[PDB]
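In structure tokens, one chain follows: the form deposited in one PDB entry.
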């Protein structure tokens, strides 16, 4: 079903050049905000986390339990809907809510064939933020036990960046387990636990209150 806590104790054992001395907890339905300098090792950590909780070698895999959202918005050949679903069964109410929360409702409607507008090597090209919104919608649509969101906001104005964090990350995914690599202090205020990395090591693990008490 689910272990209410996962204790990671990587004291420079895995990915030694980038990651060194990271120790933290992840509990069900909590928003963990990974933050830190540029060379901290945020993406490396999400990748590390993933390679621990993943099925091993050649296993049937069936339903996958981790849902990853990379920085590099990916677009496979196929319709806007196919890209979001990504193999997973369609559900109109699950899909339409994910679209509205990821703020793609207006964008999809103006396009010619709407959800069936084909993307990739044979079809339409997309906006920088529009690719990032599809990449995020695809990740939040997948029902997974854990969500790794490496800088899901990019090429988005602070008006939509703070609206998608509020509607999608905090209102829609309120009960899912999130690990969100973020920068803005507003994201850190709404977080359940804050992990601050520095040059590959964990320097702070706690709440926004403890963080401001320490500084």
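Definition used throughout: the rigid core is the maximal C-alpha set that superposes within 1.5 Å between two forms. Numbering follows the first chain given and starts at 1.
Although not depicted, the form deposited in another entry is the subject of the following passage.
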Which residue, chosen from 49, 168, 69, 35, moves its CA by 2 Å or more between the shown form and the other one under a rigid core superposition?
49
So that I can tell if residue 201 moves, could you say whether its C-alpha shifts by at least 2 Å between the shown form and the other one after the core superposition?
yes
Residue 38 and residue 181: their C-alpha distance differs by 3 angstroms or more in the other entry. Do they come closer or move farther apart compared with the shown form?
closer
At a change of 3 Å or more, would you call the C-alpha separation of residue 84 and residue 41 in the other entry closer or farther than in the form supplied?
closer
